[PDB]
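Report on the following structure.
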Amino acid sequence: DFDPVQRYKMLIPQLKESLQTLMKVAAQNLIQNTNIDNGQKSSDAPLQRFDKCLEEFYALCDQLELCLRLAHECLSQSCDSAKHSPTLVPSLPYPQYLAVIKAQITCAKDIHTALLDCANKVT
Amino acid sequence: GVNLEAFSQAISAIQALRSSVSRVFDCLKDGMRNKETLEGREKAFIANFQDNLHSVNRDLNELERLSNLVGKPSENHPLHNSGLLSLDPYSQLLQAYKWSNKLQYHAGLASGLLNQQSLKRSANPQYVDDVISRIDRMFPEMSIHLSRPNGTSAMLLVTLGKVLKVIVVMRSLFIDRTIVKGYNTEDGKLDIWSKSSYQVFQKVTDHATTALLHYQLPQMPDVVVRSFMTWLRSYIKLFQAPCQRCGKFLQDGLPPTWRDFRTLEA
Amino acid sequence: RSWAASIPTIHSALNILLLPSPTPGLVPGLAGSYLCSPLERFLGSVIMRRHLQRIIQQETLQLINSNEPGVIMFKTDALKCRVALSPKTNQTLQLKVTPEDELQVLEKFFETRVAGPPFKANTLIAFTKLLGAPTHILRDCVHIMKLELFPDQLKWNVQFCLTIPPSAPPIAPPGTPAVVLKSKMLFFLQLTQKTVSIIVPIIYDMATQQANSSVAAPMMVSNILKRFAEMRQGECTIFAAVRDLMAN
Amino acid sequence: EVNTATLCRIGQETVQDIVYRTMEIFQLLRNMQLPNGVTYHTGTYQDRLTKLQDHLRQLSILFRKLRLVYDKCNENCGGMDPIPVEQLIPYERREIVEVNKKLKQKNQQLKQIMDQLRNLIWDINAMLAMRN
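Residue numbers (the entry's author numbering), protein chains in the order written: chain X, 52 to 141, 153 to 185; chain V, 8 to 96, 104 to 138, 159 to 218, 223 to 304; chain I, 1172 to 1181, 1184 to 1273, 1281 to 1332, 1336 to 1378, 1386 to 1397, 1401 to 1404, 1411 to 1430, 1434 to 1450; chain Y, 27 to 117, 138 to 178.
Have a look at this one:
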């Protein structure tokens, strides 16, 4: 069971080192390409794919972005729950909390319908 | 919970890192368009590395790190998912939360920019006052109290940190006739009108009267007394005087614009 | 091929595969509450497939491979617990050796409604518990006919297979009661809800349920268990009549 | 019973009131928190709901009257229709003037009366200054 902060902390150094490695291999591919094209063939060695490098870099970047976004969403959820409901859970009777949530939803829907009828009357 | 702002900043930072990587690899995919004297545009390449140095800005997130590590399994949220599977219509609660927050911020910005009023004029309750005073007394280090010794008007006194207590007579609203007295107070048997000072606290009382005549609104006395209490509480330090030295005159106190500075500066 | 490669769409058909609608293809109209998305339905279906295959190969008995993965081999003979052509149809009528006739279709529709919109993975463990032919041949058939087969408060269908579900009030929550092929058979048949709701303790003492509302529901349950001649199986139809009328 | 200038003034006041009511509805929408927050379950909730309902009904009536007065001002273009004095801004009535003079005289009399009244009020305030 890994945590968002833990996964972020373990992914950041992997991301940095992957960036370093991909930049090194890109520079190697570039100098090899120039030596074979501009000058004479001197780098008699096979280079790397060079596609997997930045591909996995972008993959880890997307992973980090989405997990940090999930953590932000969780914090926002907690904040909005604490603002729209008191901190009470098994203390508060669960059916009463469900009824209160249903009434809150109905009240919000009523306010929205009132504003919509208002806008329509403005039309 | 300001850590949400920190996580949003981190998201923006990593997205900027990705964008900078894309931009520098795209710039490397192009040469000198038209230099004709020197390919100095390669220096922009180095400048692009500066944006890659902005990756170290994401390392600044390690300072903002450790934002949330607790229990509280999602704060009383799971009702149908972790509860009644048949209860699928849950997300309506989150929808309502977002709707309410959006409405709140929208109306806040609207009221903030609606200061440009367009109404020319209007042409073709002691319990409430005590309740408003008690509600305003809800701020820390702002112990106030009232007694109403004489008259149906309100006699309110405030003592925040020092012996600089201030009295303000009210008429259920727009409390005028301010009198501040540093280190004595309620002589005789009730509030007094000595108004003695050290040629500076009297200036403070003048400032308070100017604010009262300035912060007077046509209606809604709640916002009026709230601004009054904030304006008075802003005097909790009296230790800094920008725009000049700390000794421009006898004393440097006048925060009428939400910031204290050297006196005699209008 | 065994991998997709840049398949195009041209027009609002993308919005058709988007815009979560409560129409799951044929839409039998027997159920359906949440607006499922076609892409969400596809993804939930395939992840449920992967999870159920992992659990089948984990503990219980598995089946051979074919074009469409089927590991739904029942006790005697049956295999219909998957929607292979979920966008097209869930067509799987393998066989049947005992009504558990039309009862097989009932159990299949029950498993489908359990999978449905994947609000969670409880459907996995629930179908995993479906391994005991005794006490689940006619009793489970009646439970399905009462769940979503339009029967005659008023016996509200209530079932749950969550991990420590906080919905029911905690009185004595055990570890994980799924099935026990022993004297004290542990079988959490379903949940209990009428108009409020309560937990439904059950422990089949086969040589059944041998276990405010909690002040009168277990007493009436024990009284009905003592007089066990109400109209082999523990409680198939008597529990329904209790939850419809005696639940007051 | 033309009342045309008064009608235009009424229309101006009505649009000003529309703006002020917009400000008011925004100020009353900003303080509409969650229903089951602390104590305002339905009482103050439904109270402000009915309040904004009356607000919107009044605003709709005001828009109706604004449309009506705009149509009346448009149809009022009878005789001297161009009237180019707009860009050309400069750079019996006896009975009305006499009624105005009599009204101002009565107003001066009432002003002296109010002066005596406020003098007595200041005197009473002075007495209270002597109170214990």
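By construction, the Cβ of each residue, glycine as well, lies at the ideal position given by its N, Cα and C atoms.
Worksheet item: Got a sec: is the Cβ-Cβ distance from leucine 91/V to anything in chain I below 7 Å?
Response: Interface residue (Cβ-Cβ distance to chain I less than 7 Å): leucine 91/V is classified as such.
Worksheet entry | Which listed residue (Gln1226/I, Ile1245/I, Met1325/I, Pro1297/I) has its alpha carbon closest to that of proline 96/V | Per the Cα distances, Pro1297/I.
Discussion item. For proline 61/Y, count the other beta carbons within 10 Å of its own beta carbon; 16 or more makes it buried, fewer makes it exposed. Which is it?
Written reply: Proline 61/Y is buried by the Cβ-count criterion.
Fill in: First through last residue of the alpha helix (DSSP H) which encompasses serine 1210/I
Element bounds for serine 1210/I: n/a, residue is neither H nor E.
Item to complete: Count the other CB atoms, across all protein chains shown, that sit within 10 Å of the CB of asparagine 1450/I; report buried if there are 16 or more and exposed otherwise.
Response: When all chains shown are included, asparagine 1450/I counts as exposed.
Worksheet item: What are the partner residues of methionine 176/Y, as DSSP defines its beta bridges?
Response: Partner residues in a beta bridge of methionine 176/Y, as assigned by DSSP, do not exist.
Worksheet entry | Min CB distance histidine 135/X to chain Y below 7 Å | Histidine 135/X counts as touching chain Y.
Practice prompt. Could you please give me the residues that DSSP links to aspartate 210/V through a beta bridge?
Written response: DSSP, once it has assigned bridges, lists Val203/V as partnering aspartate 210/V.
Item to complete: May I have the straight-line CA-CA distance separating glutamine 84/Y from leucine 119/X, to the nearest angstrom?
Response: The C-alpha of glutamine 84/Y lies about 49 Å from the C-alpha of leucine 119/X.
Discussion item. With the cut-off set at 7 Å, would you say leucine 24/V and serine 74/V are in Cβ contact?
Written reply: Going by C-beta atoms, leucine 24/V is not nearer than 7 Å to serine 74/V.
Discussion item. Taking beta-carbon pairs under 9 Å, can you tell me which members of the segment 71–90 of chain V lie near chain I?
Written reply: Residues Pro85, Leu86, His87, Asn88, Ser89, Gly90.
Discussion item. For the pair the segment 97–111 of chain X and the segment 72–84 of chain X, tell me if three or more CB-CB distances fall below 8 Å.
Written reply: Remark: three or more beta-carbon pairs, one from each stretch, lie closer than 8 Å, so the segment 97–111 of chain X and the segment 72–84 of chain X are flagged as touching.
Worksheet item: In chain order, what residues of the segment 1345–1362 of chain I put their CB closer than 8 Å to some CB of chain X?
Response: Taken in chain order, the members of the segment 1345–1362 of chain I whose beta-carbon sits within less than 8 Å of a beta-carbon on chain X are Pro1349, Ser1350, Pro1352, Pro1353.
Item to complete: Please compile the residues from chain V whose C-beta is within a distance smaller than 7 Å of the C-beta of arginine 120/X.
Response: Going along chain V in sequence order, the residues near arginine 120/X (Cβ under 7 Å) are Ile18.
Fill in: Three-state secondary structure (DSSP) of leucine 82/Y
Helix, per DSSP.
Practice prompt. Please report how far the alpha carbon of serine 19/V lies from the alpha carbon of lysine 1261/I, in whole angstroms.
Written response: Going from the Cα of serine 19/V to the Cα of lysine 1261/I covers about 42 Å.
Discussion item. Given 6 Å as the limit, tell me if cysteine 1438/I has its C-beta closer than that to any heavy atom belonging to the ligand ATP.
Written reply: This structure lacks the ligand ATP; in fact it carries no ligand of any kind.
Worksheet entry | Validate contact between the segment 108–121 of chain V and the segment 46–60 of chain Y using beta carbons, cut 8 Å, 3 pairs | They touch, by the three-pair rule.
Worksheet item: Can you find a CB in chain V that lies within less than 7 Å of the CB of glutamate 106/X?
Response: With 7 Å as the cut-off, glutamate 106/X does not count as an interface residue toward chain V.
Worksheet item: chain X partners of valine 1386/I, CB-CB under 8 Å?
Response: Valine 1386/I reaches chain X at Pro157, counting residues in chain order whose Cβ is nearer than 8 Å.
Fill in: Complete runs of the beta strand (DSSP E) confined to the segment 267–300 of chain V [at least 3 residues]
Segments of the beta strand (DSSP E) lying fully in the segment 267–300 of chain V: there are none.
Discussion item. Quick check on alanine 1295/I: buried or exposed, where buried means 16 or more other Cβ atoms within 10 Å of its Cβ?
Written reply: Label assigned to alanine 1295/I: buried.
Worksheet item: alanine 188/V bridges to which residues according to DSSP?
Response: The partner list for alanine 188/V (beta bridge, DSSP) reads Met204/V.
Practice prompt. Can you give me the Cβ contacts of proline 159/V inside the same chain, cut-off strictly under 7 Å, excluding the 5 residues immediately before and after it?
Written response: Excluding sequence neighbours, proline 159/V sits near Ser206.
Discussion item. Suppose the cutoff is 7 Å on Cβ atoms and the five residues either side in sequence are ignored; what does the same chain contact list for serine 1218/I look like?
Written reply: Excluding sequence positions up to five before and after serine 1218/I, its CB lies within less than 7 Å of the CB of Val1256, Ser1259, all in the same chain and listed in chain order.
Item to complete: Starting from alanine 124/V, find everything on chain Y with Cβ-Cβ shorter than 7 Å and list it in chain order.
Response: Within 7 Å of the CB of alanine 124/V, the CB atoms of chain Y belong to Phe52, in sequence order along the chain.
Worksheet item: Quick check: the segment 1315–1326 of chain I against the segment 1286–1294 of chain I, are there 3 or more CB pairs under 8 Å?
Response: Contact between the segment 1315–1326 of chain I and the segment 1286–1294 of chain I is established, with three or more Cβ pairs separated by less than 8 Å.
Worksheet item: At which residue ranges does the segment 61–86 of chain V contain complete alpha helix (DSSP H) runs of 4 or more residues, listed in the order of the chain?
Response: 62–66, 68–71, all fully within the segment 61–86 of chain V.
Fill in: Residue from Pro55/X, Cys112/X, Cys169/X with nearest C-alpha to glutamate 68/X
Comparing Cα-Cα distances from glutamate 68/X to each of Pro55/X, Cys112/X, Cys169/X, the minimum goes to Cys112/X.
Worksheet item: Given a limit of 7 Å on CB to CB distance, which residues of the segment 113–137 of chain V reach chain Y?
Response: For the segment 113–137 of chain V, which is checked against every Cβ of chain Y, the residues closer than 7 Å are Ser114, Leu117, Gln118, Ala121, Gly122, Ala124, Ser125, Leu128, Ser132, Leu133, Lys134.
Item to complete: Kindly indicate if chain X contains any beta-carbon less than 7 Å away from that of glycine 8/V.
Response: Closer than 7 Å: yes.
Discussion item. Counting only Cβ pairs nearer than 7 Å, list the residues of chain V close to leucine 62/X.
Written reply: Think of a sphere of 7 Å around the beta carbon of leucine 62/X: no beta carbon from chain V falls inside it, the nearest being about 11 Å out.
Worksheet item: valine 203/V and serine 187/V: beta carbons closer than 7 Å?
Response: In this structure, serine 187/V lies closer than 7 Å to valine 203/V by Cβ.
Item to complete: State the Cα-Cα distance for the pair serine 125/V and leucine 154/X, rounded to the nearest angstrom.
Response: Cα to Cα, the separation comes out at about 37 Å.
Fill in: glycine 90/V classed as buried or exposed, judged by whether at least 16 other C-beta atoms fall within 10 angstroms
A buried status is given to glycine 90/V, since no fewer than 16 other beta-carbon atoms sit within 10 Å of its beta-carbon.
Fill in: For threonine 1262/I: DSSP bridge partner residues
In DSSP, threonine 1262/I forms a bridge with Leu1258/I.
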